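Have a look below at one chain only, the form solved without the named molecule, in structure tokens format.
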């Protein structure tokens, strides 16, 4: 699966980052996030959100949260009407402190498919319609090299 036609590319964004996604996340669209975690980082998160409201809090369709303590994990969840759901934890994680990642989030009709550095990482079934997603948030101790979208 190819990373062709990446557009609206932002390099070295300031973190915390909150940015409007330039087009609708229809099936087969990609979000590509490249970066690395510093040596003192314990976690970071990527949030695909319905808007950028703070109070009331924006719904988070997809919360993708690598954690680095010990052998590490990835926590995924959704926030609806200011309440987190039950998390889905993935223990087979490719993330390491000081190791770079290319996170590819592919939106399908029924789920997100996430790959890191060209290798499948996890699936996450939609709990909110992906058509409602228009905002990308990135928070925590993380150095983001680039953010890009594939709509074409």
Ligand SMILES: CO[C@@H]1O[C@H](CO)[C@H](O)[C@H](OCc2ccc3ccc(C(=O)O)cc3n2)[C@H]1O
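Residue numbers count along the first chain shown, from 1.
Judged by mean Cα B factor in the deposited record, 101 to 109 ranks above the other of 59 to 67 and 101 to 109. In this entry, the higher average B-factor at the C-alpha atoms falls on 23 to 31, of the pair 38 to 46 and 23 to 31. Split the chain's modelled residues into thirds by C-alpha temperature factor. Residue 140 is in the lowest one.
What follows is about the form deposited with the named molecule bound, which we do not show.
Segments offered: 60 to 68, 114 to 122, 26 to 34, 98 to 106. Contacting the named molecule in the deposited complex at heavy atom distances within 4.5 Å is 60 to 68. Contact annotation for the candidate site: 75, 87 and 139 all lie close to the named molecule in the deposited complex (heavy atom within 4.5 Å). Though the partner is left out of this view, residue 126 does not reach within 4.5 Å of the named molecule in the deposited complex, counting heavy atoms only. Although the partner is absent here, residue 45 sits close enough that one of its heavy atoms falls within 4.5 Å of the named molecule in the deposited complex.
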